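Source file: protein.cif; contents: mmCIF, C-alpha atoms and all ligand atoms.
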```cif
data_query
loop_
_atom_site.label_atom_id
_atom_site.label_comp_id
_atom_site.auth_asym_id
_atom_site.auth_seq_id
_atom_site.Cartn_x
_atom_site.Cartn_y
_atom_site.Cartn_z
CA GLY Y 1 98.27 98.80 123.22
CA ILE Y 2 96.29 101.72 121.87
CA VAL Y 3 94.53 102.24 125.23
CA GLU Y 4 97.78 102.58 127.09
CA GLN Y 5 99.25 104.91 124.49
CA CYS Y 6 96.27 107.12 123.76
CA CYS Y 7 93.85 106.94 126.66
CA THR Y 8 96.01 106.27 129.72
CA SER Y 9 98.89 108.21 128.23
CA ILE Y 10 98.39 110.67 125.32
CA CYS Y 11 99.09 110.36 121.67
CA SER Y 12 99.10 112.49 118.52
CA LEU Y 13 96.85 111.93 115.54
CA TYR Y 14 100.01 110.70 113.79
CA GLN Y 15 100.44 108.04 116.41
CA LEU Y 16 96.77 107.04 115.95
CA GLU Y 17 97.59 106.18 112.35
CA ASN Y 18 99.58 103.27 113.70
CA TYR Y 19 96.24 101.48 114.18
CA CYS Y 20 94.96 101.93 110.67
CA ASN Y 21 94.91 99.00 108.27
CA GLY X 1 80.59 94.52 103.19
CA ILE X 2 79.11 95.29 106.58
CA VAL X 3 80.04 98.95 106.37
CA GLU X 4 78.09 99.37 103.17
CA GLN X 5 75.16 97.13 104.14
CA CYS X 6 74.47 98.98 107.37
CA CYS X 7 74.32 102.27 105.51
CA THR X 8 72.53 101.38 102.29
CA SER X 9 70.15 98.87 103.88
CA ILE X 10 69.91 97.91 107.57
CA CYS X 11 71.93 95.56 109.75
CA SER X 12 71.56 93.84 113.10
CA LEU X 13 73.72 93.99 116.19
CA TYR X 14 74.25 90.25 115.71
CA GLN X 15 75.72 90.87 112.23
CA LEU X 16 77.96 93.53 113.78
CA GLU X 17 79.18 91.10 116.39
CA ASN X 18 80.99 89.16 113.69
CA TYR X 19 83.47 92.05 113.46
CA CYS X 20 84.47 91.85 117.12
CA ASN X 21 87.96 90.48 117.85
CA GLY L 1 67.96 103.27 138.22
CA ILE L 2 69.72 102.98 134.89
CA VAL L 3 72.60 105.22 136.07
CA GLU L 4 73.33 103.02 139.04
CA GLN L 5 73.12 99.85 136.98
CA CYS L 6 74.96 100.92 133.85
CA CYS L 7 77.16 103.89 134.66
CA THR L 8 78.11 103.46 138.31
CA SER L 9 78.03 99.70 137.99
CA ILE L 10 78.14 97.94 134.58
CA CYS L 11 75.48 96.36 132.51
CA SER L 12 75.09 94.28 129.35
CA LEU L 13 73.28 95.43 126.24
CA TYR L 14 70.59 92.93 127.28
CA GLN L 15 70.15 94.74 130.54
CA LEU L 16 69.88 98.05 128.63
CA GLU L 17 66.81 96.66 126.90
CA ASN L 18 65.06 96.94 130.23
CA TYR L 19 64.73 100.68 129.51
CA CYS L 20 63.14 100.36 126.12
CA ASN L 21 59.44 101.09 125.68
CA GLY Z 1 55.94 113.23 116.13
CA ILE Z 2 58.96 115.13 117.38
CA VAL Z 3 61.37 112.50 116.14
CA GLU Z 4 60.09 112.83 112.61
CA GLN Z 5 59.64 116.62 112.66
CA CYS Z 6 63.20 117.29 113.76
CA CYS Z 7 64.53 115.18 110.92
CA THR Z 8 62.22 116.04 108.04
CA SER Z 9 61.84 119.72 108.95
CA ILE Z 10 63.49 121.57 111.85
CA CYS Z 11 62.67 121.80 115.55
CA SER Z 12 63.57 124.03 118.47
CA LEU Z 13 65.16 123.20 121.79
CA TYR Z 14 61.94 124.48 123.38
CA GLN Z 15 59.91 121.88 121.45
CA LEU Z 16 62.40 119.24 122.62
CA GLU Z 17 61.95 120.30 126.21
CA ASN Z 18 58.42 118.94 126.15
CA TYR Z 19 59.92 115.43 126.09
CA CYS Z 20 61.86 115.90 129.32
CA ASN Z 21 60.55 114.00 132.36
CA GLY B 1 83.30 127.95 103.49
CA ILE B 2 84.87 124.98 105.22
CA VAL B 3 81.61 123.95 106.82
CA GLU B 4 79.92 123.68 103.47
CA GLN B 5 82.88 122.17 101.60
CA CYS B 6 83.32 119.33 104.05
CA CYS B 7 79.66 118.39 103.69
CA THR B 8 78.99 118.90 100.00
CA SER B 9 82.40 117.67 98.82
CA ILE B 10 85.26 116.35 100.98
CA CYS B 11 87.93 118.08 103.04
CA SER B 12 91.24 117.19 104.64
CA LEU B 13 92.36 117.38 108.23
CA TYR B 14 95.01 119.84 107.03
CA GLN B 15 92.27 122.16 105.68
CA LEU B 16 90.50 121.84 109.04
CA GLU B 17 93.65 122.82 110.87
CA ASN B 18 93.34 126.32 109.47
CA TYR B 19 90.36 126.84 111.80
CA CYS B 20 92.33 126.08 114.95
CA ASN B 21 93.09 129.06 117.22
CA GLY F 1 87.16 130.29 130.17
CA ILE F 2 84.48 127.95 128.91
CA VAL F 3 86.29 124.90 130.35
CA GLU F 4 86.35 126.35 133.82
CA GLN F 5 82.73 127.43 133.64
CA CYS F 6 81.17 124.42 131.97
CA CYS F 7 83.44 121.43 132.45
CA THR F 8 85.21 122.04 135.76
CA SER F 9 82.20 123.88 137.13
CA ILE F 10 78.72 123.56 135.54
CA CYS F 11 76.81 125.84 133.29
CA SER F 12 73.35 126.17 131.75
CA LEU F 13 72.63 126.06 128.04
CA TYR F 14 71.99 129.81 128.39
CA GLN F 15 75.49 130.31 129.67
CA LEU F 16 76.82 128.26 126.71
CA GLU F 17 75.35 130.88 124.40
CA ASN F 18 78.02 133.22 125.67
CA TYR F 19 80.44 131.40 123.34
CA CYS F 20 78.41 131.75 120.20
CA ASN F 21 79.46 134.23 117.53
CA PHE T 1 67.41 94.22 119.82
CA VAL T 2 66.31 96.07 116.72
CA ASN T 3 67.80 96.47 113.30
CA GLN T 4 69.69 99.73 112.68
CA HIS T 5 70.62 102.04 109.79
CA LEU T 6 74.22 103.10 110.45
CA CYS T 7 76.41 105.26 108.27
CA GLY T 8 79.80 106.80 108.85
CA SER T 9 80.98 107.18 112.37
CA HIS T 10 77.68 105.87 113.70
CA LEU T 11 78.69 102.41 112.61
CA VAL T 12 81.93 102.74 114.55
CA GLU T 13 79.99 103.74 117.67
CA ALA T 14 77.74 100.69 117.29
CA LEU T 15 80.70 98.33 116.90
CA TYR T 16 82.26 99.84 119.98
CA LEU T 17 79.16 99.11 122.04
CA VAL T 18 78.51 95.67 120.69
CA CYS T 19 82.08 94.45 121.06
CA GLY T 20 83.15 96.07 124.27
CA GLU T 21 86.50 94.91 125.58
CA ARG T 22 86.78 92.46 122.72
CA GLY T 23 87.46 95.32 120.35
CA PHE T 24 86.69 95.10 116.64
CA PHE T 25 87.89 95.67 113.12
CA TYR T 26 86.39 98.41 110.91
CA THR T 27 86.83 97.49 107.27
CA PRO T 28 85.05 99.50 104.62
CA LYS T 29 85.19 98.56 100.95
CA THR T 30 87.84 100.46 99.02
CA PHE M 1 83.87 88.93 128.49
CA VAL M 2 82.95 91.68 131.00
CA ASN M 3 81.02 94.89 130.47
CA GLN M 4 82.04 98.54 130.50
CA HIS M 5 80.53 101.63 132.10
CA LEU M 6 78.10 103.70 130.02
CA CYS M 7 77.48 107.16 131.29
CA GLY M 8 75.71 110.30 130.18
CA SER M 9 75.42 110.84 126.53
CA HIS M 10 77.12 107.52 125.96
CA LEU M 11 74.39 105.78 127.92
CA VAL M 12 71.59 107.34 125.86
CA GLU M 13 73.52 106.55 122.63
CA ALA M 14 73.48 102.93 123.81
CA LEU M 15 69.73 103.08 124.59
CA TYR M 16 69.12 104.49 121.10
CA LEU M 17 71.13 101.61 119.61
CA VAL M 18 69.43 98.86 121.59
CA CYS M 19 65.87 100.23 121.48
CA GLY M 20 65.62 102.19 118.24
CA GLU M 21 62.01 102.33 117.00
CA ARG M 22 60.67 100.93 120.24
CA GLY M 23 61.72 104.15 121.92
CA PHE M 24 63.09 104.37 125.44
CA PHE M 25 63.15 106.39 128.62
CA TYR M 26 66.24 107.86 130.26
CA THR M 27 65.36 108.72 133.83
CA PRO M 28 68.47 109.25 135.88
CA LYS M 29 66.62 110.34 139.00
CA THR M 30 64.89 106.99 139.21
CA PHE Q 1 101.08 122.11 121.71
CA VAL Q 2 100.45 118.95 123.79
CA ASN Q 3 97.98 116.14 123.24
CA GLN Q 4 94.83 115.08 125.07
CA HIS Q 5 93.54 111.70 126.24
CA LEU Q 6 91.25 109.77 123.90
CA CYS Q 7 89.28 107.02 125.52
CA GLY Q 8 86.51 104.63 124.63
CA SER Q 9 84.13 105.75 122.04
CA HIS Q 10 86.13 108.92 121.64
CA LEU Q 11 89.20 106.88 120.75
CA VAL Q 12 87.39 104.91 118.03
CA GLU Q 13 85.84 108.17 116.70
CA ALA Q 14 89.41 109.42 116.36
CA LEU Q 15 90.52 106.19 114.60
CA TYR Q 16 87.59 106.56 112.19
CA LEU Q 17 88.66 110.15 111.47
CA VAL Q 18 92.33 109.38 110.93
CA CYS Q 19 91.92 106.08 109.05
CA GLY Q 20 88.61 106.33 107.23
CA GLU Q 21 88.57 104.11 104.13
CA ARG Q 22 91.77 102.39 105.14
CA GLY Q 23 89.89 100.83 108.02
CA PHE Q 24 91.36 100.21 111.44
CA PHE Q 25 91.48 97.85 114.38
CA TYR Q 26 90.53 98.71 117.96
CA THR Q 27 92.00 96.07 120.21
CA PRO Q 28 92.05 97.24 123.79
CA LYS Q 29 93.28 93.94 125.19
CA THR Q 30 96.46 94.22 123.18
CA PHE I 1 68.95 129.34 120.78
CA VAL I 2 68.62 128.31 117.17
CA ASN I 3 66.46 125.82 115.39
CA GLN I 4 68.11 122.47 114.56
CA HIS I 5 67.83 119.65 112.01
CA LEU I 6 68.27 116.44 114.00
CA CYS I 7 68.06 112.90 112.72
CA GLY I 8 68.85 109.58 114.32
CA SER I 9 71.10 109.56 117.30
CA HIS I 10 71.65 113.31 117.00
CA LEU I 11 68.16 113.86 118.30
CA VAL I 12 68.93 111.71 121.33
CA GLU I 13 72.06 113.77 122.02
CA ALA I 14 70.01 116.98 121.86
CA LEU I 15 67.37 115.64 124.25
CA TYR I 16 70.10 114.63 126.63
CA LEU I 17 71.51 118.14 126.70
CA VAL I 18 68.23 119.95 126.89
CA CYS I 19 66.78 117.80 129.65
CA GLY I 20 69.78 117.15 131.82
CA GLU I 21 69.03 115.45 135.10
CA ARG I 22 65.34 115.53 134.31
CA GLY I 23 65.85 112.79 131.74
CA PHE I 24 63.52 112.34 128.79
CA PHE I 25 61.48 109.95 126.70
CA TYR I 26 62.47 109.10 123.10
CA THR I 27 59.39 108.03 121.17
CA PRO I 28 59.62 107.62 117.43
CA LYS I 29 56.58 106.80 115.31
CA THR I 30 56.23 103.10 114.57
CA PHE G 1 95.52 110.95 106.92
CA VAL G 2 92.55 110.56 104.63
CA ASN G 3 90.03 112.97 103.27
CA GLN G 4 86.66 113.05 105.05
CA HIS G 5 83.00 113.85 104.33
CA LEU G 6 81.75 115.74 107.39
CA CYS G 7 78.34 117.26 107.91
CA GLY G 8 76.69 118.78 110.95
CA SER G 9 78.08 117.93 114.31
CA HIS G 10 80.57 115.53 112.76
CA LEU G 11 82.54 118.48 111.51
CA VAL G 12 82.67 119.90 115.03
CA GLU G 13 83.99 116.58 116.34
CA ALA G 14 86.72 116.58 113.69
CA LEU G 15 87.78 120.14 114.51
CA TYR G 16 87.94 119.20 118.16
CA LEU G 17 90.31 116.34 117.44
CA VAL G 18 92.48 118.15 114.97
CA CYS G 19 92.91 121.28 117.08
CA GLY G 20 93.15 119.87 120.55
CA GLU G 21 94.10 122.38 123.21
CA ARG G 22 94.44 125.06 120.57
CA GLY G 23 90.67 125.19 120.23
CA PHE G 24 88.97 126.35 117.05
CA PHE G 25 86.31 128.50 115.49
CA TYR G 26 83.20 126.98 113.85
CA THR G 27 81.84 129.37 111.26
CA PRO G 28 79.14 128.19 108.90
CA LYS G 29 77.83 130.37 106.09
CA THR G 30 74.68 132.26 106.99
CA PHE O 1 66.94 121.47 138.33
CA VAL O 2 70.76 121.65 138.40
CA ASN O 3 73.25 121.44 135.56
CA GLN O 4 75.78 118.82 134.54
CA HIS O 5 79.43 119.02 133.48
CA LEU O 6 80.18 119.28 129.76
CA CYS O 7 83.71 118.46 128.80
CA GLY O 8 85.73 117.97 125.66
CA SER O 9 83.91 116.77 122.68
CA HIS O 10 80.71 116.86 124.67
CA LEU O 11 81.21 120.56 125.32
CA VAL O 12 81.67 121.38 121.62
CA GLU O 13 78.64 119.18 120.74
CA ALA O 14 76.69 121.39 123.15
CA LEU O 15 78.09 124.59 121.57
CA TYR O 16 77.09 123.27 118.13
CA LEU O 17 73.56 122.60 119.44
CA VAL O 18 73.11 125.97 121.12
CA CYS O 19 74.82 128.13 118.47
CA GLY O 20 74.31 126.32 115.18
CA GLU O 21 74.40 128.76 112.24
CA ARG O 22 75.66 131.57 114.41
CA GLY O 23 78.91 129.67 114.78
CA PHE O 24 80.99 129.58 117.93
CA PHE O 25 84.49 129.55 119.33
CA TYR O 26 85.97 126.85 121.56
CA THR O 27 89.04 128.27 123.23
CA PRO O 28 90.06 126.16 126.17
CA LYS O 29 93.23 128.11 126.88
CA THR O 30 91.22 131.23 127.54
ZN ZN H 101 75.38 111.69 111.91
ZN ZN H 102 82.57 110.98 126.65
#
```
Just dump the structure as structure tokens.
Amino acid sequence: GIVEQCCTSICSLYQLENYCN
Amino acid sequence: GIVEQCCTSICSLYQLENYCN
Amino acid sequence: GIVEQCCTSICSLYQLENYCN
Amino acid sequence: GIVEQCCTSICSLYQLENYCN
Amino acid sequence: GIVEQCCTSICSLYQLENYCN
Amino acid sequence: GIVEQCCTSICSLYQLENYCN
Amino acid sequence: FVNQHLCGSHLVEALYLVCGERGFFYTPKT
Amino acid sequence: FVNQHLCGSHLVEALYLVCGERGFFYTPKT
Amino acid sequence: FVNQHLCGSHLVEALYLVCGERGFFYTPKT
Amino acid sequence: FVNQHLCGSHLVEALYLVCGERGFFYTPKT
Amino acid sequence: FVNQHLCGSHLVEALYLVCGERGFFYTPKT
Amino acid sequence: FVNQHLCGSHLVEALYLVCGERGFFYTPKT
């Protein structure tokens, strides 16, 4: 999920957009 | 909605809880 | 103190109210 | 009080220091 | 400048990027 | 740099002023 | 608990604390 | 559900949220 | 350049910044 | 240091930084 | 990405996220 | 009293507080 991608691993702001509605 | 109410008026933590998954 | 209860250990928002005046 | 002054006017970090324990 | 524009109007993340080192 | 002084090690608010313009 | 006046990112911070591991949805009017 | 850890500035943000007008004390040495 | 870790309240602050009006969901259990 | 305009939770953040391990009291007018 | 309305420390938070390890300069008008 | 660690967004929040109008630079690679 987002925690594994962005907190445990790292993610770009572009990847963060995957969680927008 | 809740986003607007909390900012233009006030809101409770119990009202916020309704937005939890 | 609060650090041991809520940072080192974990606490609920109800327990946090213990530190209100 | 300090909470109101900092928001309605301005306040210094030295004024804030008076609220440290 | 960017500090004022973002606050009095709106600004984009792309405009902000110009302030990165 | 600032990260080594203030995050990895520790620094005072006076030392933080070293990074002001 | 007390009532709160929350705008912008402060509302997001409050949802984060209230919901914890449950997570939440942030849905402003468009 | 189970609770998370609240440390440092995040802990006082949470005290501000829960206490608001009542005020609060943050005394880590206690 | 390489990315940093975004956790907890910092992660939802970042979702608020990137998504804004579109809204978002923060579902850590997913 | 410079003077600052601090409302809401921003004041709490400033107290946290200024006081450090000493901690502080947050006491708004009621 | 969406446009954002950022005042005070919120602008600093946004720069931090956008720039990452590159860092940034914060330069308000005087 | 002894100081705490200030990292990431917390470090730039502290730079904003201490520097304000003077502005500042956050250059982690330095
Ligand atoms: Zn704010
Ligand atoms: Zn943090």
Residues within 9 Å of ligand ZN 101 (chain H) (all atoms listed in the file), as an NGL selection string?
(:T and (6-10)) or (:I and (6-10)) or (:G and (6-10))
Legend entry - Residue neighbourhood segment 3-15 of chain B, 9 Å, only C-alpha atoms, exclusion window fewer than 2 positions, as an MDAnalysis selection string: (chainID B and resid 1 17:19) or (chainID Q and resid 17:18) or (chainID G and resid 1:8 11 14:15 18 26:29)
If chain B is fitted onto chain F by least squares over all C-alpha atoms, taken pair by pair in sequence order, what do its new coordinates look like as a PDB file with C-alpha atoms, in the coordinates of the input?
```
ATOM      1  CA  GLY B   1      86.703 130.640 131.314  1.00  0.00           C
ATOM      2  CA  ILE B   2      83.642 128.812 130.062  1.00  0.00           C
ATOM      3  CA  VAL B   3      85.639 125.773 129.049  1.00  0.00           C
ATOM      4  CA  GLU B   4      86.967 125.341 132.542  1.00  0.00           C
ATOM      5  CA  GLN B   5      83.745 126.267 134.360  1.00  0.00           C
ATOM      6  CA  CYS B   6      81.654 123.732 132.498  1.00  0.00           C
ATOM      7  CA  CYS B   7      84.093 120.974 133.418  1.00  0.00           C
ATOM      8  CA  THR B   8      85.058 121.817 136.979  1.00  0.00           C
ATOM      9  CA  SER B   9      81.610 123.067 138.022  1.00  0.00           C
ATOM     10  CA  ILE B  10      78.446 123.183 135.886  1.00  0.00           C
ATOM     11  CA  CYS B  11      77.214 125.617 133.255  1.00  0.00           C
ATOM     12  CA  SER B  12      73.953 126.455 131.531  1.00  0.00           C
ATOM     13  CA  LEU B  13      73.033 126.444 127.880  1.00  0.00           C
ATOM     14  CA  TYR B  14      72.351 130.171 128.279  1.00  0.00           C
ATOM     15  CA  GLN B  15      75.972 130.730 129.413  1.00  0.00           C
ATOM     16  CA  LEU B  16      77.112 128.711 126.388  1.00  0.00           C
ATOM     17  CA  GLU B  17      75.061 130.880 124.081  1.00  0.00           C
ATOM     18  CA  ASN B  18      77.396 133.774 124.774  1.00  0.00           C
ATOM     19  CA  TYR B  19      80.043 131.954 122.709  1.00  0.00           C
ATOM     20  CA  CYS B  20      77.895 131.780 119.589  1.00  0.00           C
ATOM     21  CA  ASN B  21      78.935 134.057 116.700  1.00  0.00           C
TER      22      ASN B  21
END
```
In Å, how far is it from atom CA of residue 24 of chain T to atom CA of residue 16 of chain M?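 Separating atom CA of residue 24 of chain T from atom CA of residue 16 of chain M is a distance of 20.4 Å.
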Between atom CA of residue 20 of chain B and atom CA of residue 30 of chain G, what is the distance, to one decimal in Å?
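Separating atom CA of residue 20 of chain B from atom CA of residue 30 of chain G is a distance of 20.3 Å.
Picture a line from atom CA of residue 25 of chain O to atom CA of residue 2 of chain F; it runs 9.7 Å.
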